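Trainee: To start, I am sharing the structure in question, which I have written as structure tokens.
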Amino acid sequence: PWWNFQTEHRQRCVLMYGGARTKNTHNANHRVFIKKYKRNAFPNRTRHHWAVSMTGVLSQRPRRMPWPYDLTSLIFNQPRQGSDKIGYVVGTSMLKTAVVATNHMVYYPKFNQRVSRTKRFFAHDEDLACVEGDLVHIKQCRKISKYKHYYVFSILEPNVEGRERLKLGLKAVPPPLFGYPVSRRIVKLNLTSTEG
Amino acid sequence: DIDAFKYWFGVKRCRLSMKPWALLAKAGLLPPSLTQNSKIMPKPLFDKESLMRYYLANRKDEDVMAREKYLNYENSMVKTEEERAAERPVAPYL
Amino acid sequence: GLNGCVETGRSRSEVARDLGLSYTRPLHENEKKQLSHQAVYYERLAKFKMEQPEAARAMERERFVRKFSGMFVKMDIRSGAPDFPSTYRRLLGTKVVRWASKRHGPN
Amino acid sequence: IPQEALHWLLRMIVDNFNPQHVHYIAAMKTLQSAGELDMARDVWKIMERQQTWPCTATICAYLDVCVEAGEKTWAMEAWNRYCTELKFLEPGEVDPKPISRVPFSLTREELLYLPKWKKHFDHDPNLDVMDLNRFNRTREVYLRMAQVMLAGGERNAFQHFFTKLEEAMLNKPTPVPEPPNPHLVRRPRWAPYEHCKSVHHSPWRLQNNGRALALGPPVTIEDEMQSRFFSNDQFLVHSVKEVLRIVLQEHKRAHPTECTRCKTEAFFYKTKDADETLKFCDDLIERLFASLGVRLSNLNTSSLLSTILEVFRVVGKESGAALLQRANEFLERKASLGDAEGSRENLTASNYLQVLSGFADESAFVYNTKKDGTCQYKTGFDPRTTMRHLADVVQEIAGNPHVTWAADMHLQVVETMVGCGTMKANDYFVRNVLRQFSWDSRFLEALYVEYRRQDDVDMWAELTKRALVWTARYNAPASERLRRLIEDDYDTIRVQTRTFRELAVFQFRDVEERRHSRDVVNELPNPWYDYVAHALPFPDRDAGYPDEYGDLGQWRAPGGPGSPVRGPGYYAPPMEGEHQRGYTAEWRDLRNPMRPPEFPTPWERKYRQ
Amino acid sequence: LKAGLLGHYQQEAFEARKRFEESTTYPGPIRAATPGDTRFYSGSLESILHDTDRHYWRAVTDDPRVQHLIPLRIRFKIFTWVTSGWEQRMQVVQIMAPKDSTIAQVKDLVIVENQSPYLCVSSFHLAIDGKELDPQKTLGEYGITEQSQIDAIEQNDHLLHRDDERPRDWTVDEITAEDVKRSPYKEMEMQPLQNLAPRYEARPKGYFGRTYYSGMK
Amino acid sequence: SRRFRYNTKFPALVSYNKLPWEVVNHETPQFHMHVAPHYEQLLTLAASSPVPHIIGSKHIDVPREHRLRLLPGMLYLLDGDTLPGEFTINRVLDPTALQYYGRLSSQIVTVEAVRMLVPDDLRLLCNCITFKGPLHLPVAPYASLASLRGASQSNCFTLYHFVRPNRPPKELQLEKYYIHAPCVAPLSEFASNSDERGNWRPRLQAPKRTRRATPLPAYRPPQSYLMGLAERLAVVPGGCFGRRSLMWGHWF
Amino acid sequence: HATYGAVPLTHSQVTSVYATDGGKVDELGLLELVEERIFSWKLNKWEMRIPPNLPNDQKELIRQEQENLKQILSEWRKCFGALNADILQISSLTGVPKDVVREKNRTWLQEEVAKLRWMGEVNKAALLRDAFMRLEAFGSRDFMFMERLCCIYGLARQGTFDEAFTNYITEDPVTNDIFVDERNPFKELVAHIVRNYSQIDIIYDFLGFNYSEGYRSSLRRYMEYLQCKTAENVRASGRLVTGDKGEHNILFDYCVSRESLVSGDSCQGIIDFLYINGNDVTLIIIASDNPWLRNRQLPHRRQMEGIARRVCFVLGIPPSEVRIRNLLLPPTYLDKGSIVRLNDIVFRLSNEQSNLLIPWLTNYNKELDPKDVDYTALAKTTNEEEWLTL
RNA sequence: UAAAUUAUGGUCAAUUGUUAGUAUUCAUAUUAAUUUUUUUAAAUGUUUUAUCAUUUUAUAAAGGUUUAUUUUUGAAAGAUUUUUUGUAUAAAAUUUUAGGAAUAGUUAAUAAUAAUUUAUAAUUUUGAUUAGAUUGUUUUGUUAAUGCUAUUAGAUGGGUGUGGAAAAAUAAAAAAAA
Ligand SMILES: [Mg+2]
Ligand SMILES: [Mg+2]
Ligand SMILES: [Mg+2]
Ligand SMILES: [Mg+2]
């Protein structure tokens, strides 16, 4: 008979430890939650805990798993997962550093669909060639700083507009007028005179 | 496993317990263990003069012993003159 | 100079350096100051060390004393972890109170 | 064991790597240094089967293997394969060839429109042949071909190759040598720890140290540059020396019994081919002298003199005095040709070693002559004359301060004294070689012959025991030949040379082997004991696994690390390009009942039915 | 980035490359430059002991490492004790001196490469046919070749202090092996190494025993 | 950043010069223990080979500025026990220090005096060994020591060796003189210029033996308690020299 | 192999290099020997044959040409091996010596097959019949003589193969001794080719071996050669070749259509050569590899009428007797049928006198590529039309 | 808006039980488990040594960790010797809470180990930090099911800086130098 990968995994478990974990863990046990705070006065400003919470990273329902099949896998032959990436430069505030936002794929088997999530990386540029908006290809490398382990291998698409603005003396990208809130309370404007 | 056992025993030079040694003695891979001793006969007693006399009576040739240990330890797939002649090209050399 | 060398692994900056090219975006005043003040500070420090021997010696001795007396001088796994508060976040609060946050960068 | 170099080359190939020319050269050189000519040929076959075009350095290494093995067919095949295009350098050309291949890189357009197999770069050695052959070491290839033809006896081909080499070296400029490559060994900078023991760490003996040497060298080594650093005329001298060396090697191969010092009476006298061999060597030497005029006076010829003396000592049975006279005549002829006045050179350490070897050959003998006594010497041997010549030549060498003595030279002196029976070889060894040299057991092998001649067996026994104590002290373990020589006189001396443990092991092993050989029931082969079946990390046949698809109730697909499942068994989110091709057609499917997962081409058409 | 546009981008890249090749073409070959070293390598950081400024594999020999050398010979008047007394002899030391080296550089090379406490023990100067060579002049001006006979005349009173701190193996690559007294040219071979020991793989990857199955790659 | 330039393997370590236990003090007998074998090896070499600058007409003369820089490591021999100036003299009367010169005195040349010269700044020590009498070893006519009146053969010659006060023993160590030259004394009998050539006769065959070696006295096993198997205890055959595996001469 | 000094050669440089004072050799035997030496090579000998110091486009063109030469030589090696195997099989089955099989005929084949069938070896008889039938097609010694000579000429033109046929260590079959023969048959054969075949470069370009500059220059040389051989008073001035009045004999090299045609533009009618013979005008146009450009390339009926009217205006040829027509030629080669049509229509030469003028024409046996059907249909419908009058 | 072309001159079917595999009982479950008439069995002295000493004897303290924790290595293996022998640590994806907001010994550069400097720094509404719960990566149960429901892979800064490597003061079936 053809044995599924569960059989091979159980074989590995039996080899490492005498026997396999077949003990019939009682999944029907009644889990309970005994409240300890007031009705709405839970001690947290962000999330409030009022029932049994899910545990585990890959045991979360609905399931989310990595999806290696994407543009990076179509283009590059990665020696290791996430060794090569392609993204856009989204900041050059730090000296000799370029921030790159890349995309990866998360798979939801229950809904049978995939989504593109975004991650930021601190790529390294030595001669200060990267401009915001450049489509860059980055590669893993040694540890450069506390959060720098990528470097800009090549610049696929330089931002001509950004370079021309820098030559003209303006910022490469004008700062956005919107952004992050400083508080939950609405930040109201103060159009008052000095007397008032 | 035979290939893995020979790899770990010869190349990696791993240790060996007594129960596995007895089991492999049954299997024929290894001679009977040191502790597989009967009470029928006691341990041998060695005498230097007798040992030297026996060695002098039966001492092997230097070259013969060297060839034996070379075959046992180094490569045993030594080509003969016929194999060397067959390997040598005879056709128009291109 | 826009492409890295796949064979050697050199980046586009290394390729431009080897070819003698120059790919440097127009630098702003703050960036020019960043690239220019290093030499100024080095000269200031060297001048101070050569001009005030007793003060520099006292400062260096105090710095060496604190470095040598530090509790975590040994370079074990915990000291070699690039991000201690993030990696060993179990210790924060209950045992270690130096860091009030377990996350400081995009990792 | 020497087989491990070939094993590691095979492992490198199996682990999906491309063995570089440096790897092939190292494998061949290690196997040649271990004497595995067949394994070196196997390495060359591996290189050919990898579809790798050898560089000129690899060609030179393989031709060195061929000339050492004495097989000309291998070298002829190699020449016809990868050596019919090599040419010498012309005066109107650039000496170091510029680098041609720019390192592999991909542009923006190519990174997208090229397939992955075009975009993939593994270090294929065939792409670096042009930039490795940029130094034009073809003269060494021609010298190797001349050597292999001389070894094979093809006199016409050897003459053709040597004439081509000579006409190149006398009329063409010197190629630029390739610089040494320090990027081949991962060697740490300096020494991280400065602790270093003294040379007198052990109070019982002087010992060498990693910083400086204090025990003196055991072998004489000529201090000379490499062939690639030699000039054209210097390389011509080197080629003449190498041809003479190949002549000597072929002579020794043809007559192995006539070259060992103490085997039989055949060693003493000349062979029947000595006159022809000496005539050929002398003709070659005179040809070199005629070709090189006054320019020869400015060329290092110590190696040539040493090989000439070795040839005229081994091939021709000449005396040490004759060898010294020949070396002096060579030096004075060189000075006269150079038109120098009172500025001749001196014999070097290798030349004096050859002279001392000639004296030892004169004083050689056959041990016991297979008669338990009456050692047979050479007919017409004069111990007084030979010892006087040895004494005066040794005094000359000692008076010359620029010759550094070595263990081999002292061994020659001790052997000559033993052969002449001066009863002072023991004193010479205890005064000159014992304390301040890393002497081997051959010194005591011979010193036992002198010890046998002591008037009293008690003195003989005491000398033998003191020699054994010397071996125990100065870290010179007794050789098997010395131990057997002492064993053969056990009835007279009653001195033991085998340890209790060794004898106890040997008795049981010999009895068991005799019993096993006599027994016929256990002569049958045992498959569990005779061989190793399969030693590769992966099975040799497809048993069906992996599946690369999930099944019912398996949400986790692909499994990621340590799981061969690559996608969900039945339905998946839309894929693109090669991923879709693999998921729909190409990936393995164990549960398919019609056909198993197909083999790669062309291993599929033959199992169609 | 969206993966559905990969085919369209490949088509556009092919068209752009073809237009570039058709119009711009290639205006003559360009001399290949020797590649440098890359700071960004994979894996954990390496110790400063092994940092040899080379983090990639390159079998070929780069142009900067190439050097032009001349096989010069320097002869010294030595004295050996023959059975009668002292007799004059010539001792020749071989050096590889660069074509653009001065007489002072040749003298320094001789001092470094003598490797004998009898030739360069005392101070000396180089001459040809008795005429002293100017230490500030190069070999090209003097026309010195391998055939040229360069003699060395020594002053017994002045002793040559060992002021040489440059290693004899020093080169542009700066990969110098300490405690090595053999000149870089005298020895050149793939000599076997006896200090280390061969190492085999002990930790298995995936397969541990029993049935292979997939192998867990 | 600066923290991730290199890992922390193989850090910079303090040199042995600073460490007190590493360096050797001249007052201690270990200094003489280190320097005596070098002296005897140098004398043995000079008795058979001409060393170029081992014997000088007068003490080496250098300007006082360069004296401290150049003198350390220097070593040369002179006739008579004249000592350099600007050097406080301390004779070595300690038997613990003198014992290391015993072999040199007995086998090479009778050692008469051992002195240590300390400079004004106490930064450049000199060791002076004065030997009385002719060389015990045979001396070649071409040997360097043949020049000295008191060596080849008043009758006293001095050896001066300059070093630094507090240094590791490697600074004292001298290895340039470890050159081995043959002694032709046992071979001088057969030389052409020797009138003893027609005296010795070559014994080319071993004489016939009628008796064996004398049997050894009957082995008496030891009586006192032994420590154990020296081979299992990794002790060399007598605690002195040899190999542990090849055990011999240890109570059995 | 590939060297820094190595560079591609032209026909003039090939003639300058490969020269012989005189003498006549067996060209067929020399060709067979050289081809055997080529077949004796391993795949590694084709690796380093492109000179490095060249622009990338030129290197790519050289690589394509060398790959084409290697492919053609491999195909001929397979054909030669099949021919030899068939000859050996026929000799073994019949018993005759291996040399007479080429001279045996169908009657002998019938006799031998009847003998085998009578003896009961129906399988051997069928194999013999098949071998002889397929051997009749490729059994001639000079089966592809012209193409093989063109391949060897291309190898010589590459300039990196002339030294690849010498310095071989060989054993003398008679005395059984080793030597190194320095005799290079490749140089002898190339010298013989350049000495005898004066239009070997034209044949080489017509067969499609020239990947760098096409075959238009060779076509112009061929046409002007025919024009001069006909007129005997031909006068040339740049890209226009004219006869000395009398009968009109005009050849005009208008432009190169490959560079003249521009993609994405609208301009119908671009001719390469214009030939006026008597009162007839022929527009010789070389097709392009782009099937969408051929329609632009072919001029319209109005354009042909206007060109004929201009010819009448300039040369004074009366409008009553004036004919004009097109002639489409294959893009990358020139097949035997196209050459024959060119000779028949343009130069008004019959096949017999054309073969009398040109010796290599009768052995030129290149046919159209079966793959390109668009071009074949266009050429048929263009060459099967009548002359446009007035 | 192609207009009914004509030897109809071959009809005689199908089934022989043979296969390309998730198949559905609205629930009372011949599904899993806890719960009633009270389930048992094994132990605690490591050894050696040159003798008030030295040598050999290295993750189950469990805590409360969701951008997290990942590692054998200078000892041993180990071989008639270098001369230490000897590149272990780093990345990518996946990460909980009915009543959702700011976080901070901070980011990068550096001739700066042990930062007196420079910067328009870094984190986060694509869900951060703090607080709550919970040992992370096909192992259990159930179903026609890519659904739902379980799980001690037992893993880490002040106690000695020893050791190749801290994990070093409960245990956990283990042979430790004749
Ligand atoms: Mg918490
Ligand atoms: Mg994570
Ligand atoms: Mg070890
Ligand atoms: Mg979260």
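Residue numbers start at 1 in each chain; chains themselves are named A, B, ... in the order of the structure tokens; ligands are numbered from 1 in the order shown.
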Can you tell me which residues surround residue 151 of chain G at a distance of at most 9 Å, considering only C-alpha atoms (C1' of nucleotides), apart from same-chain residues fewer than 2 positions away, and format the answer as a list in words?
Mentor: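 Contacts, with the query itself left out: residues 69, 70, 72, 73, 146, 147, 148, 149, 153, 154, 155, 156, 204 and 209 of chain G.
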Trainee: Please report as a PyMOL selection string which residues of chain D come no farther than 7 Å from chain B, using only C-alpha atoms.
Mentor: chain D and resi 1+3+73-74+76-77+80-81+500+503-504+507+528-529+532-535
Trainee: What lies within 10 Å of residue 2 of chain E using only C-alpha atoms (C1' of nucleotides), ignoring chain neighbours under 3 positions off, as number ranges by chain?
Mentor: A: 70-71, 103, 116; E: 5-6
Trainee: Which distance in Å separates atom CA of residue 86 of chain F and atom CA of residue 65 of chain F, to one decimal?
Mentor: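 Between these atoms lies a distance of 13.8 Å.
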Trainee: Taking only C-alpha atoms (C1' of nucleotides) and all ligand atoms into account, report as a PDB file with N, CA and C atoms (P, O5', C5', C4', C3', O3' and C1' of nucleotides), in the first residue's frame which residues have an atom no farther than 9 Å from an atom of ligand 2.
Mentor:
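Written file, result_18.pdb:
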ATOM      1  N   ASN C 107      11.639  43.647  12.749  1.00  0.00           N
ATOM      2  CA  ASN C 107      11.895  42.215  12.837  1.00  0.00           C
ATOM      3  C   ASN C 107      10.913  41.557  13.792  1.00  0.00           C
TER       4      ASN C 107
ATOM      5  P     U H  66       5.116  37.127  23.792  1.00  0.00           P
ATOM      6  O5'   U H  66       5.063  36.740  22.250  1.00  0.00           O
ATOM      7  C5'   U H  66       4.705  35.425  21.839  1.00  0.00           C
ATOM      8  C4'   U H  66       4.395  35.370  20.365  1.00  0.00           C
ATOM      9  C3'   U H  66       3.760  36.635  19.792  1.00  0.00           C
ATOM     10  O3'   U H  66       4.176  36.801  18.440  1.00  0.00           O
ATOM     11  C1'   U H  66       2.286  34.818  19.500  1.00  0.00           C
ATOM     12  P     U H  67       4.314  38.273  17.816  1.00  0.00           P
ATOM     13  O5'   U H  67       5.744  38.258  17.119  1.00  0.00           O
ATOM     14  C5'   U H  67       6.163  37.152  16.328  1.00  0.00           C
ATOM     15  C4'   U H  67       7.314  37.520  15.425  1.00  0.00           C
ATOM     16  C3'   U H  67       8.522  38.135  16.129  1.00  0.00           C
ATOM     17  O3'   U H  67       9.710  37.776  15.424  1.00  0.00           O
ATOM     18  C1'   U H  67       7.656  39.678  14.569  1.00  0.00           C
ATOM     19  P     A H  68      10.433  36.369  15.705  1.00  0.00           P
ATOM     20  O5'   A H  68      10.237  36.135  17.267  1.00  0.00           O
ATOM     21  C5'   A H  68      11.150  36.678  18.210  1.00  0.00           C
ATOM     22  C4'   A H  68      11.164  35.869  19.480  1.00  0.00           C
ATOM     23  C3'   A H  68      11.565  34.410  19.327  1.00  0.00           C
ATOM     24  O3'   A H  68      12.971  34.231  19.308  1.00  0.00           O
ATOM     25  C1'   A H  68       9.594  34.553  20.619  1.00  0.00           C
ATOM     26  P     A H  93       9.135  37.253   6.756  1.00  0.00           P
ATOM     27  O5'   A H  93       8.065  36.107   6.496  1.00  0.00           O
ATOM     28  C5'   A H  93       7.433  35.985   5.232  1.00  0.00           C
ATOM     29  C4'   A H  93       6.598  34.735   5.160  1.00  0.00           C
ATOM     30  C3'   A H  93       5.636  34.512   6.313  1.00  0.00           C
ATOM     31  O3'   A H  93       4.443  35.266   6.195  1.00  0.00           O
ATOM     32  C1'   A H  93       6.812  32.516   5.879  1.00  0.00           C
ATOM     33  P     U H  94       3.781  35.933   7.497  1.00  0.00           P
ATOM     34  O5'   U H  94       3.031  34.723   8.205  1.00  0.00           O
ATOM     35  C5'   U H  94       2.079  33.942   7.501  1.00  0.00           C
ATOM     36  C4'   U H  94       1.798  32.647   8.218  1.00  0.00           C
ATOM     37  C3'   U H  94       1.423  32.776   9.684  1.00  0.00           C
ATOM     38  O3'   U H  94       0.058  33.102   9.877  1.00  0.00           O
ATOM     39  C1'   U H  94       3.071  31.101   9.436  1.00  0.00           C
ATOM     40  P     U H  95      -0.353  34.460  10.631  1.00  0.00           P
ATOM     41  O5'   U H  95      -0.989  33.961  12.002  1.00  0.00           O
ATOM     42  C5'   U H  95      -0.310  33.008  12.811  1.00  0.00           C
ATOM     43  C4'   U H  95      -0.419  33.331  14.279  1.00  0.00           C
ATOM     44  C3'   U H  95      -0.561  34.815  14.607  1.00  0.00           C
ATOM     45  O3'   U H  95      -1.395  34.985  15.752  1.00  0.00           O
ATOM     46  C1'   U H  95       1.437  33.969  15.572  1.00  0.00           C
TER      47        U H  95
END
Trainee: Write out as a PDB file with N, CA and C atoms (P, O5', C5', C4', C3', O3' and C1' of nucleotides), in the first residue's frame each polymer residue (protein, DNA or RNA) that has an atom no more than 10 Å from ligand 1, with only C-alpha atoms (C1' of nucleotides) and all ligand atoms counted.
Mentor:
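Output file selection_10.pdb follows:
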ATOM      1  N   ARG C  90      11.001  36.560  27.118  1.00  0.00           N
ATOM      2  CA  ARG C  90      10.426  35.928  28.300  1.00  0.00           C
ATOM      3  C   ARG C  90      10.964  36.551  29.581  1.00  0.00           C
TER       4      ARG C  90
ATOM      5  P     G H  64       6.449  33.362  35.941  1.00  0.00           P
ATOM      6  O5'   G H  64       6.801  33.811  34.455  1.00  0.00           O
ATOM      7  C5'   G H  64       5.934  34.675  33.729  1.00  0.00           C
ATOM      8  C4'   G H  64       5.760  34.226  32.299  1.00  0.00           C
ATOM      9  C3'   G H  64       4.610  34.895  31.553  1.00  0.00           C
ATOM     10  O3'   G H  64       4.941  35.018  30.171  1.00  0.00           O
ATOM     11  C1'   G H  64       4.232  32.567  31.653  1.00  0.00           C
ATOM     12  P     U H  65       4.617  36.380  29.385  1.00  0.00           P
ATOM     13  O5'   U H  65       5.181  36.125  27.918  1.00  0.00           O
ATOM     14  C5'   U H  65       6.484  36.556  27.554  1.00  0.00           C
ATOM     15  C4'   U H  65       7.119  35.628  26.551  1.00  0.00           C
ATOM     16  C3'   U H  65       6.316  35.343  25.294  1.00  0.00           C
ATOM     17  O3'   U H  65       6.427  36.375  24.332  1.00  0.00           O
ATOM     18  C1'   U H  65       7.187  33.321  26.153  1.00  0.00           C
ATOM     19  P     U H  66       5.116  37.127  23.792  1.00  0.00           P
ATOM     20  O5'   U H  66       5.063  36.740  22.250  1.00  0.00           O
ATOM     21  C5'   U H  66       4.705  35.425  21.839  1.00  0.00           C
ATOM     22  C4'   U H  66       4.395  35.370  20.365  1.00  0.00           C
ATOM     23  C3'   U H  66       3.760  36.635  19.792  1.00  0.00           C
ATOM     24  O3'   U H  66       4.176  36.801  18.440  1.00  0.00           O
ATOM     25  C1'   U H  66       2.286  34.818  19.500  1.00  0.00           C
ATOM     26  P     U H 130       5.563  44.539  25.226  1.00  0.00           P
ATOM     27  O5'   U H 130       4.565  45.151  26.304  1.00  0.00           O
ATOM     28  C5'   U H 130       5.035  46.038  27.305  1.00  0.00           C
ATOM     29  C4'   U H 130       3.903  46.593  28.131  1.00  0.00           C
ATOM     30  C3'   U H 130       2.990  45.576  28.790  1.00  0.00           C
ATOM     31  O3'   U H 130       3.532  45.009  29.967  1.00  0.00           O
ATOM     32  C1'   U H 130       1.681  47.237  27.758  1.00  0.00           C
ATOM     33  P     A H 131       3.280  43.457  30.294  1.00  0.00           P
ATOM     34  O5'   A H 131       1.710  43.367  30.543  1.00  0.00           O
ATOM     35  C5'   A H 131       1.107  44.010  31.655  1.00  0.00           C
ATOM     36  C4'   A H 131      -0.380  43.779  31.681  1.00  0.00           C
ATOM     37  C3'   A H 131      -0.831  42.351  31.429  1.00  0.00           C
ATOM     38  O3'   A H 131      -0.715  41.500  32.552  1.00  0.00           O
ATOM     39  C1'   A H 131      -2.086  43.784  30.069  1.00  0.00           C
ATOM     40  P     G H 132      -0.399  39.943  32.321  1.00  0.00           P
ATOM     41  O5'   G H 132      -1.794  39.344  31.847  1.00  0.00           O
ATOM     42  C5'   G H 132      -2.968  39.527  32.623  1.00  0.00           C
ATOM     43  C4'   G H 132      -4.164  38.909  31.948  1.00  0.00           C
ATOM     44  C3'   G H 132      -3.975  37.482  31.466  1.00  0.00           C
ATOM     45  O3'   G H 132      -4.106  36.524  32.500  1.00  0.00           O
ATOM     46  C1'   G H 132      -4.936  38.752  29.739  1.00  0.00           C
ATOM     47  P     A H 133      -3.071  35.301  32.584  1.00  0.00           P
ATOM     48  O5'   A H 133      -3.576  34.313  31.445  1.00  0.00           O
ATOM     49  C5'   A H 133      -4.925  33.877  31.420  1.00  0.00           C
ATOM     50  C4'   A H 133      -5.253  33.164  30.138  1.00  0.00           C
ATOM     51  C3'   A H 133      -4.276  32.084  29.710  1.00  0.00           C
ATOM     52  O3'   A H 133      -4.467  30.863  30.400  1.00  0.00           O
ATOM     53  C1'   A H 133      -4.778  33.459  27.864  1.00  0.00           C
ATOM     54  P     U H 134      -3.203  30.039  30.947  1.00  0.00           P
ATOM     55  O5'   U H 134      -2.605  29.354  29.642  1.00  0.00           O
ATOM     56  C5'   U H 134      -3.437  28.600  28.776  1.00  0.00           C
ATOM     57  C4'   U H 134      -2.791  28.404  27.430  1.00  0.00           C
ATOM     58  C3'   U H 134      -1.384  27.833  27.457  1.00  0.00           C
ATOM     59  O3'   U H 134      -1.383  26.424  27.588  1.00  0.00           O
ATOM     60  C1'   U H 134      -1.463  29.693  25.994  1.00  0.00           C
TER      61        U H 134
END
Trainee: Just the residues within 12 Å of residue 8 of chain A, please, counting only C-alpha atoms (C1' of nucleotides), with nothing from its chain fewer than 3 positions along; format it as a VMD selection string.
Mentor: (chain A and resid 2 to 5 11 to 15 20) or (chain D and resid 545 to 547 562 to 564) or (chain E and resid 206 to 216) or (chain H and resid 138 to 139)
